[PDB]
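The structure appears below as structure tokens.
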Amino acid sequence: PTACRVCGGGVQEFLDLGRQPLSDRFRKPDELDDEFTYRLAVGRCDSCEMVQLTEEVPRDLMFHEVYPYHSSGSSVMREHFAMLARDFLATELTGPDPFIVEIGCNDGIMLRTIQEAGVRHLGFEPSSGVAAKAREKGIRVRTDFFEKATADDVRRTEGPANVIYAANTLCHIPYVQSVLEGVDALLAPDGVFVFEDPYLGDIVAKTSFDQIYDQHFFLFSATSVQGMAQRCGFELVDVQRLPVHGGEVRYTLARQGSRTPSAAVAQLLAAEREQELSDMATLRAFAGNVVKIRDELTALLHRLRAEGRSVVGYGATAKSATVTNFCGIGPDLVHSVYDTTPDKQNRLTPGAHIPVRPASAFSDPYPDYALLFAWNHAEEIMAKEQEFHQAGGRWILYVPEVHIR
Ligand SMILES: Cc1cn([C@H]2C[C@H](O)[C@@H](COP(=O)(O)OP(=O)(O)O[C@@H]3C[C@](C)(N)C(=O)[C@@H](C)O3)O2)c(=O)[nH]c1=O
Ligand SMILES: Nc1ncnc2c1ncn2[C@@H]1O[C@H](CSCC[C@H](N)C(=O)O)[C@@H](O)[C@H]1O
Ligand SMILES: [Zn+2]
């Protein structure tokens with residue numbers, strides 16, 4: 001039985017994805033085939049409605065010098081964060097001498113615009129190789145985890161932050177209480193803590209179970225974020241839905257009664273209550289659809305092999321680990337996975353051990369099918385891969401349902 005990371009309440013499981021490897025550990029073909037596994041399963045707190053995993057992977061197993069994800073590899077995301085940065089420069093960072101702190105700045109995808117504006121800033125990025133890529137752009141970065149203590153250090157030496165921002169980062173952090181204590185110590189009395197992460201509403205609507213893997217500890221909703229804020233002295237004052245990463249919410253927290261919540265907060269809370277998003281029965285129905293997609297996807301891939309049709313994957317996403325290991329998909333069904341990330345090329349995917357090859361290798365003669373694990377990047381990827389589809393190759397998607405197009 002598992003205690004809620006936010007409130008200490010009881011977490012009831014509704015989905016068990018089985019033994020999983022680390023999502024971003026790509027081994028060389030010669031490397032011995034052991035690896036760390038953990039049980040991936042998800043539950044909902046009874047008190048605060050926080051959806052969360054029931055086993056944590058230690059932070060240092062996930063975030064360290066070989067973290068292979070470099071945010072700046074997507075043009076869509078580069079544009080997304082530039083705009084977010086400009087939006088902040090125009091609103092929250094108009095002070096004299098404003099200060100913005102980003103938790104999980106990675107290769108500096110967001111902070112580059114802040115630095116280029118001459119605004120004082122600090123990235124926390126415990127993963128030293130991406131941290132280094134950010135410093136190369138001139139960005140000020142601390143190779144440390146953000147938590148209560150390092151936030152106190154930063155308050156002490158740099159004074160309060162007008163904005164603390166985290167993208168695709170807070171949901172990676174089981175110790176959200178120490179984070180929030182750090183925000184409390186660091187943030188200006190009139191500041192904002194803004195974070196954006198994959199949205200439970202979108203996961204449930206699209207049955208995108210591949211959004212569940214080791215680094216996604218929390219699947220936030222407005223209902224559970226409002227509860228978490230309230231419980232720590234903050235308040236949810238705005239929400240914005242975002243289409244990136246398969247569907248996200250950007251949550252804006254201010255200290256309690258410092259600002260008036262936008263109409264958008266009540267409206268989303270009401271949609272979720274109306275749709276019974278976080279009712280155990282809804283989440284269990286989602287889990288039932290998860291199994292259906294597994295069963296349909298494997299039936300398709302085995303049918304393809306029996307009809308002599310070649311299948312590869314496209315995008316060696318962290319997400320794809322959950323798919324290949326839960327579904328039992330390896331090299332006998334999907335021969336290679338094509339990917340743009342140098343640190344993942346000439347390696348095997350975790351658990352399933354499918355060879356990863358450079359995307360530049362996905363070329364004539366094309367395979368018959370490409371299983372699109374990077375389905376959140378469909379438009380960006382398919383625009384670069386017109387020749388494949390023109391030649392008659394087809395994509396296999398499993399979100400929101402198994403289908404070919
Ligand atoms: C755009 C594009 C990507 N690709 C390849 C590159 C990447 O390996 C992967 C895409 O991964 P993408 O869906 O962005 O992140 P992943 O699920 O891994 O998830 C990661 C892990 C992390 C930090 N924990 C997180 O939360 C999100 C933000 O990112 O796909 C191409 O080959 N061609 C392309 O044109
Ligand atoms: N406690 C913590 N403080 C700051 N960053 C952290 C952290 N725990 C993990 N991270 C970093 O959080 C990042 C999650 S990946 C998301 C990166 C980027 N913000 C983007 O949206 O694409 C990784 O670079 C990881 O090393
Ligand atoms: Zn709780």
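Each chain in the structure tokens gets a letter, A, B and so on, in the order shown; residues start at 1 in every chain, and ligands are counted from 1 in the order they appear.
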Give me, as a Markdown table, each residue of chain A that comes within 8 Å of ligand 3, together with its shortest interatomic pair and the distance in Å at one decimal, counting only C-alpha atoms and all ligand atoms, with rows ordered by chain and rising residue number.
| residue | atom | partner | partner_atom_place_in_ligand_line | distance |
| --- | --- | --- | --- | --- |
| A:3 | CA | ligand 3 | 1 (Zn) | 7.8 |
| A:4 | CA | ligand 3 | 1 (Zn) | 4.6 |
| A:5 | CA | ligand 3 | 1 (Zn) | 6.5 |
| A:6 | CA | ligand 3 | 1 (Zn) | 4.9 |
| A:7 | CA | ligand 3 | 1 (Zn) | 4.1 |
| A:8 | CA | ligand 3 | 1 (Zn) | 5.7 |
| A:9 | CA | ligand 3 | 1 (Zn) | 4.8 |
| A:10 | CA | ligand 3 | 1 (Zn) | 7.0 |
| A:11 | CA | ligand 3 | 1 (Zn) | 7.5 |
| A:44 | CA | ligand 3 | 1 (Zn) | 7.9 |
| A:45 | CA | ligand 3 | 1 (Zn) | 4.6 |
| A:46 | CA | ligand 3 | 1 (Zn) | 6.5 |
| A:47 | CA | ligand 3 | 1 (Zn) | 5.1 |
| A:48 | CA | ligand 3 | 1 (Zn) | 4.1 |
| A:49 | CA | ligand 3 | 1 (Zn) | 6.0 |
| A:50 | CA | ligand 3 | 1 (Zn) | 5.5 |
| A:228 | CA | ligand 3 | 1 (Zn) | 8.0 |
Go through the chains and note each residue within 6 Å of ligand 2, using only C-alpha atoms and all ligand atoms, then give the set as a ChimeraX atom specification.
/A:63,71,103-106,124-127,145-147,167-169
Same residues, N, CA, C and O atoms, output as an mmCIF file, in the first residue's frame:
data_model
loop_
_atom_site.group_PDB
_atom_site.id
_atom_site.type_symbol
_atom_site.label_atom_id
_atom_site.label_comp_id
_atom_site.auth_asym_id
_atom_site.auth_seq_id
_atom_site.Cartn_x
_atom_site.Cartn_y
_atom_site.Cartn_z
ATOM 1 N N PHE A 63 18.768 10.985 -13.762
ATOM 2 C CA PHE A 63 19.325 12.289 -14.094
ATOM 3 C C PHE A 63 20.800 12.321 -13.695
ATOM 4 O O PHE A 63 21.110 12.281 -12.493
ATOM 5 N N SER A 71 16.440 18.896 -25.493
ATOM 6 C CA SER A 71 15.116 19.435 -25.830
ATOM 7 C C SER A 71 15.193 20.146 -27.181
ATOM 8 O O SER A 71 14.238 20.126 -27.973
ATOM 9 N N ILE A 103 13.607 25.363 -13.511
ATOM 10 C CA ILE A 103 13.857 23.998 -13.042
ATOM 11 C C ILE A 103 13.801 23.101 -14.289
ATOM 12 O O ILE A 103 12.741 22.978 -14.933
ATOM 13 N N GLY A 104 14.934 22.460 -14.562
ATOM 14 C CA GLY A 104 15.091 21.498 -15.657
ATOM 15 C C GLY A 104 15.280 22.187 -16.994
ATOM 16 O O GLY A 104 14.633 21.870 -18.013
ATOM 17 N N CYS A 105 16.278 23.063 -17.000
ATOM 18 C CA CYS A 105 16.448 23.901 -18.194
ATOM 19 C C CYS A 105 17.018 23.116 -19.378
ATOM 20 O O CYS A 105 16.991 23.577 -20.517
ATOM 21 N N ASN A 106 17.494 21.896 -19.127
ATOM 22 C CA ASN A 106 18.079 21.035 -20.153
ATOM 23 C C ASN A 106 19.116 21.810 -20.972
ATOM 24 O O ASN A 106 19.939 22.519 -20.380
ATOM 25 N N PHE A 124 18.460 25.359 -13.168
ATOM 26 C CA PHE A 124 18.877 24.161 -12.439
ATOM 27 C C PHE A 124 18.795 22.975 -13.396
ATOM 28 O O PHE A 124 17.759 22.689 -14.009
ATOM 29 N N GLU A 125 19.913 22.288 -13.567
ATOM 30 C CA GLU A 125 19.911 21.158 -14.498
ATOM 31 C C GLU A 125 20.922 20.152 -13.923
ATOM 32 O O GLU A 125 22.133 20.298 -14.135
ATOM 33 N N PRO A 126 20.419 19.129 -13.210
ATOM 34 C CA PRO A 126 21.273 18.136 -12.542
ATOM 35 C C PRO A 126 21.945 17.226 -13.554
ATOM 36 O O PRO A 126 22.801 16.447 -13.154
ATOM 37 N N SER A 127 21.494 17.239 -14.805
ATOM 38 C CA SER A 127 22.078 16.349 -15.793
ATOM 39 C C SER A 127 23.205 17.059 -16.523
ATOM 40 O O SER A 127 23.009 17.917 -17.385
ATOM 41 N N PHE A 145 20.072 19.422 -8.431
ATOM 42 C CA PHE A 145 18.624 19.283 -8.381
ATOM 43 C C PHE A 145 18.048 20.510 -7.675
ATOM 44 O O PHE A 145 18.574 20.940 -6.649
ATOM 45 N N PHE A 146 16.967 21.062 -8.216
ATOM 46 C CA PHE A 146 16.130 21.973 -7.434
ATOM 47 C C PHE A 146 15.390 21.234 -6.316
ATOM 48 O O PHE A 146 14.714 20.240 -6.552
ATOM 49 N N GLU A 147 15.532 21.703 -5.078
ATOM 50 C CA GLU A 147 14.814 21.208 -3.901
ATOM 51 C C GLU A 147 14.931 22.277 -2.805
ATOM 52 O O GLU A 147 15.519 23.331 -3.041
ATOM 53 N N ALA A 167 9.144 23.058 -17.142
ATOM 54 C CA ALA A 167 8.424 22.420 -18.233
ATOM 55 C C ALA A 167 8.839 20.952 -18.308
ATOM 56 O O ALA A 167 10.021 20.659 -18.428
ATOM 57 N N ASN A 168 7.873 20.037 -18.287
ATOM 58 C CA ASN A 168 8.229 18.621 -18.432
ATOM 59 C C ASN A 168 9.238 18.194 -17.372
ATOM 60 O O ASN A 168 10.108 17.352 -17.657
ATOM 61 N N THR A 169 9.042 18.792 -16.201
ATOM 62 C CA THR A 169 10.042 18.611 -15.151
ATOM 63 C C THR A 169 9.375 18.326 -13.814
ATOM 64 O O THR A 169 9.796 17.400 -13.117
#
What is the distance between CA of residue 172 in chain A and atom 19 (O, counted along the ligand's line) of ligand 1, in Å to one decimal?
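Between these atoms lies a distance of 10.9 Å.
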Using only C-alpha atoms and all ligand atoms, determine which residues fall within 7 Å of ligand 1, then list them as number ranges by chain.
A: 69, 71, 73-74, 168-169, 172, 215-216, 245, 314-320, 338-341, 359, 374, 376-377, 380-381
Residues of range 92-257 of chain A in alpha helix (DSSP H) according to DSSP, as a PyMOL selection string?
chain A and resi 111-116+128-136+148-158+176-186+200-206+222-231
Range 241-337 of chain A near range 151-163 of chain A within 12 Å: what's each residue's closest atom pair and its distance in Å to one decimal, counting only C-alpha atoms, ordered by chain then ascending residue number, as JSON lines?
{"residue": "A:252", "atom": "CA", "partner": "A:163", "partner_atom": "CA", "distance": 10.2}
{"residue": "A:253", "atom": "CA", "partner": "A:163", "partner_atom": "CA", "distance": 10.2}
{"residue": "A:254", "atom": "CA", "partner": "A:163", "partner_atom": "CA", "distance": 10.0}
All strand (DSSP E or B) residues (DSSP, backbone) inside range 212-259 of chain A, as a PyMOL selection string
chain A and resi 218+234-242+248-255
All residues 9 Å or closer to residue 62 in chain A, only C-alpha atoms, same chain fewer than 4 positions away omitted, as a list in words
residues 22, 23, 24, 25, 57, 58, 67, 127, 214 and 215 of chain A
Would you write out those residues with N, CA, C and O atoms, as a tab-separated table (two decimals), in the first residue's frame?
chain	number	residue	atom	x	y	z
A	22	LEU	N	14.65	1.31	-17.22
A	22	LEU	CA	14.78	2.76	-17.44
A	22	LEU	C	14.50	3.16	-18.89
A	22	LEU	O	15.02	2.54	-19.84
A	23	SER	N	13.73	4.24	-19.04
A	23	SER	CA	13.22	4.61	-20.36
A	23	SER	C	14.31	5.17	-21.27
A	23	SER	O	14.18	5.22	-22.49
A	24	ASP	N	15.42	5.62	-20.70
A	24	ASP	CA	16.37	6.33	-21.53
A	24	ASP	C	17.77	5.72	-21.43
A	24	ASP	O	18.78	6.33	-21.81
A	25	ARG	N	17.80	4.46	-21.03
A	25	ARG	CA	19.06	3.74	-21.02
A	25	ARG	C	19.24	2.96	-22.32
A	25	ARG	O	18.60	1.93	-22.54
A	57	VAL	N	11.74	5.65	-9.05
A	57	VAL	CA	13.10	5.29	-9.41
A	57	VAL	C	13.96	6.38	-8.78
A	57	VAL	O	13.62	7.57	-8.85
A	58	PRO	N	15.04	6.01	-8.07
A	58	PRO	CA	15.91	7.05	-7.51
A	58	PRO	C	16.35	8.08	-8.55
A	58	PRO	O	16.68	7.73	-9.69
A	67	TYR	N	22.29	11.69	-19.70
A	67	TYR	CA	20.91	11.93	-20.07
A	67	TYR	C	20.78	12.27	-21.55
A	67	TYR	O	21.23	13.30	-22.02
A	127	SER	N	21.49	17.24	-14.80
A	127	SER	CA	22.08	16.35	-15.79
A	127	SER	C	23.21	17.06	-16.52
A	127	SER	O	23.01	17.92	-17.38
A	214	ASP	N	9.09	5.87	-16.38
A	214	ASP	CA	9.76	6.11	-15.10
A	214	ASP	C	9.83	7.60	-14.73
A	214	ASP	O	9.69	7.95	-13.56
A	215	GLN	N	10.06	8.45	-15.72
A	215	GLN	CA	10.23	9.88	-15.46
A	215	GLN	C	8.94	10.71	-15.39
A	215	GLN	O	8.97	11.93	-15.19
Fewer than 2 positions away in the same chain doesn't count, so skip those; otherwise give me all residues within 12 Å of residue 137 in chain A, counting only C-alpha atoms, as a PDB file with C-alpha atoms, in the first residue's frame.
ATOM      1  CA  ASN A 106      18.079  21.035 -20.153  1.00  0.00           C
ATOM      2  CA  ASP A 107      20.146  22.351 -23.146  1.00  0.00           C
ATOM      3  CA  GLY A 108      18.746  25.879 -22.541  1.00  0.00           C
ATOM      4  CA  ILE A 109      15.779  25.677 -25.010  1.00  0.00           C
ATOM      5  CA  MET A 110      13.856  28.267 -22.975  1.00  0.00           C
ATOM      6  CA  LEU A 111      16.529  30.256 -21.171  1.00  0.00           C
ATOM      7  CA  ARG A 112      18.395  31.179 -24.346  1.00  0.00           C
ATOM      8  CA  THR A 113      15.739  33.872 -25.056  1.00  0.00           C
ATOM      9  CA  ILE A 114      15.926  35.182 -21.487  1.00  0.00           C
ATOM     10  CA  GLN A 115      19.729  35.453 -21.641  1.00  0.00           C
ATOM     11  CA  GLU A 116      19.482  37.130 -25.061  1.00  0.00           C
ATOM     12  CA  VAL A 130      22.754  18.935 -21.137  1.00  0.00           C
ATOM     13  CA  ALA A 131      23.741  21.515 -18.505  1.00  0.00           C
ATOM     14  CA  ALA A 132      26.986  21.977 -20.448  1.00  0.00           C
ATOM     15  CA  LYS A 133      25.128  22.563 -23.740  1.00  0.00           C
ATOM     16  CA  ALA A 134      23.175  25.355 -22.026  1.00  0.00           C
ATOM     17  CA  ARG A 135      26.268  27.071 -20.548  1.00  0.00           C
ATOM     18  CA  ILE A 139      23.206  30.705 -19.956  1.00  0.00           C
ATOM     19  CA  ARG A 140      23.811  30.624 -16.201  1.00  0.00           C
ATOM     20  CA  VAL A 141      23.236  27.061 -15.007  1.00  0.00           C
TER      21      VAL A 141
END
Could you give me, as a PyMOL selection string, the residues within 12 Å of residue 349 in chain A, counting only C-alpha atoms and dropping anything in the same chain fewer than 3 positions from it?
chain A and resi 21-29+33+35+313+315-325+329-331+334-339+343-346+352-357
